[PDB]
Number of protein chains: 4
Amino acid sequence: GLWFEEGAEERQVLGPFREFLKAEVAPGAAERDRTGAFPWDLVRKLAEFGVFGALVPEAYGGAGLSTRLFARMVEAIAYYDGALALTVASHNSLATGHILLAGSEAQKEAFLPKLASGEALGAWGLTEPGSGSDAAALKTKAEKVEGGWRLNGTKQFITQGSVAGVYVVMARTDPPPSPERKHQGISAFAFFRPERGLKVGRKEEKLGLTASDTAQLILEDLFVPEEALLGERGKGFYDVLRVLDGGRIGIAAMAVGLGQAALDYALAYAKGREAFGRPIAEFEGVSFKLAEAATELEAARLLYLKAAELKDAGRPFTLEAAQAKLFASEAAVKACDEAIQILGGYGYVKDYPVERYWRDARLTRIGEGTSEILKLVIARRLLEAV
Amino acid sequence: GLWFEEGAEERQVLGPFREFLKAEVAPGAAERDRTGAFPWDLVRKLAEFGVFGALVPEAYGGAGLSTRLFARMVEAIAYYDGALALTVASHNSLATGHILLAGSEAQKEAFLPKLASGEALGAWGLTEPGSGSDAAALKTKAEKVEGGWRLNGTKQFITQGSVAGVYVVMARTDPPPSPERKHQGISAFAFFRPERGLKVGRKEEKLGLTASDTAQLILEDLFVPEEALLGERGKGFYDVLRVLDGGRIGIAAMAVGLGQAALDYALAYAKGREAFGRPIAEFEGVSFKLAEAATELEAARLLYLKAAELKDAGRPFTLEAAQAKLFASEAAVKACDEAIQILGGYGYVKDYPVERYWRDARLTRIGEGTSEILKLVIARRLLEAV
Amino acid sequence: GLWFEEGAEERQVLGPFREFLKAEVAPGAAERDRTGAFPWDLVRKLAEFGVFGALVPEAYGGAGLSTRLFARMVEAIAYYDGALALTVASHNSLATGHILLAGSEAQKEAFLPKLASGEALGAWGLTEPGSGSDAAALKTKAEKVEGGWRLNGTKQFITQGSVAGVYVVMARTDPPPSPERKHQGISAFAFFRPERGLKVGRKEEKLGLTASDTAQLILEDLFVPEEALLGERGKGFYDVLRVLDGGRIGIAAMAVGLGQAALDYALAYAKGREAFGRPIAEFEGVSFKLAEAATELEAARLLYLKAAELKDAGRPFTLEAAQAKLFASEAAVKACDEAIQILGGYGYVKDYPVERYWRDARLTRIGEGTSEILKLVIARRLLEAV
Amino acid sequence: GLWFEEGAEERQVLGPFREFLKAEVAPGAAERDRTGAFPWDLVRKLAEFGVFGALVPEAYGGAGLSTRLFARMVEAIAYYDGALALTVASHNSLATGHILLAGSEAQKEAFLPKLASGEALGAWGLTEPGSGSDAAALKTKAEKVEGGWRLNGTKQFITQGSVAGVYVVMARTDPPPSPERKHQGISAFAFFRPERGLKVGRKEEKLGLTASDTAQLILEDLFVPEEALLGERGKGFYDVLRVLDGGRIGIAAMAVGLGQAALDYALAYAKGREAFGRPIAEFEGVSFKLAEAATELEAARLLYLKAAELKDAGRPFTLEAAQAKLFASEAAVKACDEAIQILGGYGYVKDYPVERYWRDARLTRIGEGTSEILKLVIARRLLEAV
């Protein structure tokens, strides 16, 4: 198999994985989108495929898979269930990926094994009501007290926020030297679900990804031990950036999966549905949409595979991960909107899955860095190289 | 006031109308989008403004308003409630507009008064499971029997389908001379809610316009009197086309209203929300979106006003109505998608109205002629003029 | 007649005007695009029509036409020759328009008569090598001396720069209170072609609009009399913006003219060229383009008509002129690009006019405020009314 | 190294090649664009490099390079001179590629040696005045006569048409079984520059790629020997499509090269030009464009690398070559258009290279299958696999 194709090893894993997804995940996707019922049943089963500890090395109880293979597994999941894919992508990339990145040997031995097994799902709290793109503008604070820390603040839109067993939260431990350096003085804290000090806010009704747990977290004089400190004090934001680079590859894979599903459905539909004495696929008004979407999704897949490769190769991939997520999310939503158009009135009804594909994919242009933010990251990298 | 602005007469009507909408319609829009509960309460009140008989001449119990003023009233409604605007636009344009167009004096006296008052809401059944864009491919049939007709067929996605008091259905009464002339042999039938022969199918769960009644109609040996025949036998499709031309102006106005709402919200939000030490509106990534959307919505408003004028002037407006609806629906959905982007994570939650604006507006690119179909109508008109 | 339509009086002027254009201007458009030879013959013939004094009141020897009619005339000219259109539009809108706006009674009696008759073509020099979008950053200075002022500096891309009989140059006369307000302290100066002190720079070849005089101006100790100061000292920048508001309407009209010509050519072509056994117009890949372009340029036409309307009514039109120019230029260029595509290989050869239409129209997105600048202007106004 | 990256061996060839290009090709690109003077000097110098025999096996005197490496070389050439790139790409892909694909051992020994050394430039004549996209509708005929065939007809837009030493022309030899299958009955003929019978037509000026030989060919009772028949009689069309599949990869590479040059120039420019007190690169209106273009052309590069990869592996690549060409051409032209916008007035003047990049790149969306045609090809393949 050529680089861009699934290798022998990849398809031996992805083949049965896809079969499992078709039989156990696809059937309840439409219902979960309506009820928002978290798939505790599927989490248990996916954990067995090492899906919840995919990048965690076996030494800590993980699957030790590569970024490339995991990215493809996320795309396969998203194809059948967007919410589940966000659940998997975020769990692995943010909470887990952050502990794997800055955690001390002791912290990794304590947290990784439980995250990797699905026993403890990971929530990663960066965003707050008053800051999203400008993440370093967070107001949560961590006061140094006898024996550890006391945290106070609110996190917004945290996935796995209400179902998490392990929480990673960013808070200011020191004042910034200047306003343009507010990213300094921020630290990260890793801890197990507190018995008190952490309450979840009102559930969030979302446009899509209904079964994905997203919640507001309110920390009230929450005490965490000295061992909670993750990474160097005051330099937590630097780790956040690194963590976000990795997560963007997964979100890009997620976008591609939803777009492909929408494209596959519109293709099949256009081939069967007929108008004016022939399949509507025979009208360029329809076929051109399919051709453009397919071309962009393929380009998007190549981009995320490339970004995954650079990471697996221990090489910088900030620019490449930003480009993949930006291109994939934009192309995927576009493809999904066109699939809706192609199905006509049926694209507007919940009896068919394309309207859901669009609603689910739509978040990919917002989460882990809006398209606008990513264009800034890309341009900056391009400009300093000049 | 200049032509494109609201005249003295227009604002004396639209001023209090908008006040009524803000106070009585806007408050329950979000809820209706969640419950799908048809606003019987608001229908009664809107009828008083002559909203359900706007184009019907006073002689038949209508408001006798112009196309231009009604179009603006539809835009004002859509601004606060998409479903209600579709309810109003369709009621007036299709069922009612068709009876006003081809009805005999006797039929107009019997139907118009009740439609115009809101007593009997109008359903217009053209679309079927197997034909949408290719409307003349409908399979419903009308068999000539003693005393009238017997209809058999299924209509799909009929607004006011389950709540209608008056129904207008298209059915084949005669075989077509050839396949390319299948539009021949189709007739229309106007009748009051049957005591039998007409059952509604399973409610339709839609991406948007939740509180809008859309239903499948199954005609089972439904008998209608000789007086049910609307227009000349076998030439009903010609009336359908004429009726669709008029309706497209209303749907264009509808699109503009939803887009404007989305634009107004994103403008206000971008002016308040701040990031990196300043209002996000100060970032071109955001401001450019607002500028493009506003420019296109204005162009869209001018286009539908123009189409409305040509109709009021008794002049052909097929091309102009197609251009207005196409431009407005496309621009409106685009503006709505950008408003979602601008609100970031908040654009993804139902606590805010932009996600609803998009879901509601999305249908405008599909209903009463898909954008693809409209481009065909436009091009054909352009080509024969060459 | 109907507002958005050409009235009886407009047709009486435009109808005969178009025939003149078709017979005297069209024939040599291709050649002028190749040689860049300034059309003195046509300038003289158009002047006899009062085209170069369209907006100048009859009291000063002009035609006393409305902005609406002038815009339509610019569109008509542009349809056949982009360079002539720019020549005519800039002359009337910039140098002439500025004197008509801020000039005293004496200056108007002195300049307007000769500009309106064409005896003197007007050049308006604002842009400099080091500032275009940021025009208030201009460096040309004029220092007070006995009898008047002495101007020193260079101007870039000045239309009519080398053939003009009257010049209006912007130069700093007083230091800016700060950088944030460098616009303050700039003045305007009107004067007949100098006997000495004004040098024309090495002419540069343009992508298009070849036959339009576009020159660099070098002012070396240029002396102008007291009566040269146009408007109040140091307050000329506000006048500059007002002048640009008006010019933008003409540039919008110019863009529409070129896009319409490209559309018309594509229509006729698509109707006669056959592929796969049928006119290519019967392929949606071609017809959809035709439909989209026609729709957008009509919309573009309505926007500049609106802007012109507001101006003729003595009302604010800054936002509207920006929207008209932005949309017309963007839509026109796209339409011209599509026309090239529709002609296939023939769109790439100079024996056909479509590649020239694009090259000519391409400047409309840059001159008199780039599309980017216009979006800022539009957004700011929308935000202020929020 | 990593697949999507230039390997050590590729760099050993490309690195030195680029310096040669920068020093010998770049200097006169602007002048060649103005004079249209065919670069014999550079052709001769490139030939000494085996550039004109890149894909020809060493056994026939060629360089025996992979499709991947050749594509990258075309991108590199195109970066500095579009016309040279087309000259090189068409030569290798079309006339040469066709003989290498369908030619017998004798023909290959006779033609390949001279084509690969550059001693004879290849011209491939398929397109005619009355057929481009519908190439199977060609009218040139070749009738069997004693000793061989006599060809009669005209070819349009033939690259290397007037300077070639070897020609490959497609002509009908047998009547089509029906119109739906006119492709059947077409044959290909390879022959050295005729002593008589071949006439070059009045050269026509192009929008861009001025220095590339593009000529009309008039065949009047042209005689070619028995050994001229390339491939089997009446079955040459299938070979034509295969030849086009390969050529499209080179056209994709060519588009990427031109877009990259435009991007690089815009980057450097945006980094040095200042407005409102800062490099214009710090304005999202500019930086977002830079980010989008960089992202799309990388994506475009990955697509043609993939297509080339499939071809080198002897695997089907029709769909992939179409996608690469479609995306690269569309993205490149847009990037070049944005670069013009970013330079403002300077993008409109010929003293700067961006307006040439666009003019050169514009043909990539038309030649070797228009974007519209490619979408049909892509869609059909997607539908077949559905």
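In what follows, every chain begins at residue 1, and chains take the letters A, B, ... in the order their sequences are listed.
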Taking 4.0 angstrom as the limit, do [X] and [Y] come out as a salt bridge?
{"X": "B/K350", "Y": "B/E355", "answer": "yes"}
{"X": "A/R18", "Y": "A/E6", "answer": "yes"}
{"X": "A/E204", "Y": "A/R202", "answer": "yes"}
{"X": "A/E368", "Y": "A/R248", "answer": "no"}
{"X": "A/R359", "Y": "A/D33", "answer": "yes"}

Answer yes or no: is there a side-chain heavy-atom contact under 4.5 Å between [X] and [Y]?
{"X": "A/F191", "Y": "A/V169", "answer": "yes"}
{"X": "A/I186", "Y": "A/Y238", "answer": "no"}
{"X": "A/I158", "Y": "A/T214", "answer": "no"}
{"X": "A/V13", "Y": "A/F49", "answer": "no"}
{"X": "A/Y79", "Y": "A/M254", "answer": "no"}
{"X": "A/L217", "Y": "A/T154", "answer": "no"}
{"X": "A/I251", "Y": "A/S329", "answer": "no"}
{"X": "A/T370", "Y": "A/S133", "answer": "yes"}

Just by distance, no angles: are the side chains of [X] and [Y] close enough, under 3.5 Å, to form a donor-acceptor pair?
{"X": "A/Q156", "Y": "A/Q216", "value": "yes"}
{"X": "A/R362", "Y": "B/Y348", "value": "no"}
{"X": "A/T173", "Y": "A/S187", "value": "yes"}
{"X": "D/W3", "Y": "A/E309", "value": "no"}

Contact summary for [X] and [Y], nearest pair of heavy atoms:
{"X": "A/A63", "Y": "A/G50", "result": "CB-O, 3.7 Å"}
{"X": "A/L374", "Y": "A/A322", "result": "CD1-O, 3.9 Å"}
{"X": "D/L303", "Y": "A/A299", "result": "CD1-CB, 4.0 Å"}
{"X": "A/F237", "Y": "A/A135", "result": "CE1-CB, 3.8 Å"}
{"X": "A/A171", "Y": "A/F189", "result": "CB-CE1, 4.2 Å"}
{"X": "A/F52", "Y": "A/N92", "result": "C-OD1, 3.5 Å"}

Calculate, to the nearest 0.5 Å, the distance between atoms [atom1] and [atom2] belonging to [X] and [Y] respectively.
{"X": "A/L209", "Y": "A/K206", "atom1": "CG", "atom2": "NZ", "answer": "6.5 Å"}
{"X": "A/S162", "Y": "A/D213", "atom1": "OG", "atom2": "CG", "answer": "3.0 Å"}
{"X": "A/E320", "Y": "A/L305", "atom1": "CD", "atom2": "CG", "answer": "13.5 Å"}
{"X": "D/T295", "Y": "A/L319", "atom1": "OG1", "atom2": "CG", "answer": "7.5 Å"}
{"X": "A/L121", "Y": "A/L115", "atom1": "CG", "atom2": "CG", "answer": "8.5 Å"}
{"X": "A/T140", "Y": "A/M170", "atom1": "OG1", "atom2": "CE", "answer": "9.5 Å"}

Taking [X] for the side chain and [Y] for the main chain, is one N or O donor matched with an acceptor at less than 3.5 Å?
{"X": "A/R34", "Y": "A/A29", "value": "no"}
{"X": "A/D134", "Y": "B/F276", "value": "yes"}
{"X": "D/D312", "Y": "D/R68", "value": "yes"}
{"X": "A/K155", "Y": "A/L126", "value": "yes"}
{"X": "A/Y167", "Y": "A/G161", "value": "yes"}
{"X": "A/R365", "Y": "A/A328", "value": "no"}
{"X": "A/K325", "Y": "A/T364", "value": "yes"}

### Query
Passes side chain to side chain donor-acceptor pair (under 3.5 Å), A/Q323 versus A/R381? Steps please.
CA-CA 11 Å; A/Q323 294 183 305; A/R381 295 286 167 171; over 6 Å; no

### Query
Who are the side chain to side chain contact (heavy atoms under 4.5 Å, CB included) partners of A/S90, not counting sequence neighbours?
A/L94, A/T159, A/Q160

Name each donor-acceptor pair under 3.5 Å that joins a side chain in residues 69-78 of chain A to protein atoms two or more places apart or in another chain, with its distance.
from: A/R72; atom 1: NH1; to: A/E10; atom 2: OE1; distance (Å): 3.3
from: A/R72; atom 1: NH2; to: A/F4; atom 2: O; distance (Å): 3.3
from: A/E75; atom 1: OE1; to: A/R301; atom 2: NE; distance (Å): 3.3
from: A/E75; atom 1: OE1; to: A/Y304; atom 2: OH; distance (Å): 2.4
from: A/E75; atom 1: OE2; to: A/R301; atom 2: NE; distance (Å): 3.1
from: A/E75; atom 1: OE2; to: A/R301; atom 2: NH2; distance (Å): 2.6

### Task
Could you give me the CA-CA distance, side-chain angles and deciding distance for A/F20 and A/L46, then say whether side chain to side chain contact (heavy atoms under 4.5 Å, CB included) is met?
CA-CA 9 Å; A/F20 167 71; A/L46 282 178; 3.5 Å; yes

### Message
Test side chain to side chain contact (heavy atoms under 4.5 Å, CB included) on A/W149 and A/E143; report intermediate values, then the result.
### Response
CA-CA 6 Å; A/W149 305 86; A/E143 291 164 349; over 6 Å; no

[X], [atom1] atom: more than 12 neighbouring heavy atoms under 6.0 Å:
{"X": "A/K334", "atom1": "NZ", "answer": "no"}
{"X": "A/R11", "atom1": "CZ", "answer": "no"}
{"X": "D/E5", "atom1": "CD", "answer": "yes"}
{"X": "A/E48", "atom1": "CD", "answer": "yes"}

### Task
Let me see the working for A/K45 and A/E24 under salt bridge (charged side-chain N to carboxylate O under 4.0 Å, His left out), right down to the final yes or no.
CA-CA 9 Å; A/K45 301 180 177 184; A/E24 305 241 33; 2.8 Å; yes

#### Entry: side chain to side chain contact (heavy atoms under 4.5 Å, CB included) between B/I340 and A/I366, worked out
CA-CA 9 Å; B/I340 285 179; A/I366 302 178; 4.2 Å; yes

### Candidate pair A/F111 and A/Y60, rule ring-ring contact (aromatic ring centres under 6.0 Å, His included), full reasoning
CA-CA 9 Å; A/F111 296 117; A/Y60 298 111; over 10 Å; no

### Task
Take A/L241 and A/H183, measure what side chain to side chain contact (heavy atoms under 4.5 Å, CB included) needs, and give me the verdict at the end.
CA-CA 10 Å; A/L241 294 177; A/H183 49 82; over 6 Å; no

In a table with atom names and distances, give each donor-acceptor pair under 3.5 Å that connects a side chain of residues 221-229 of chain A to protein atoms at least two apart or in another chain.
from: A/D221; atom 1: OD1; to: A/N152; atom 2: ND2; distance (Å): 3.0
from: A/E226; atom 1: OE1; to: A/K144; atom 2: NZ; distance (Å): 3.2
from: A/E226; atom 1: OE2; to: A/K144; atom 2: NZ; distance (Å): 2.8

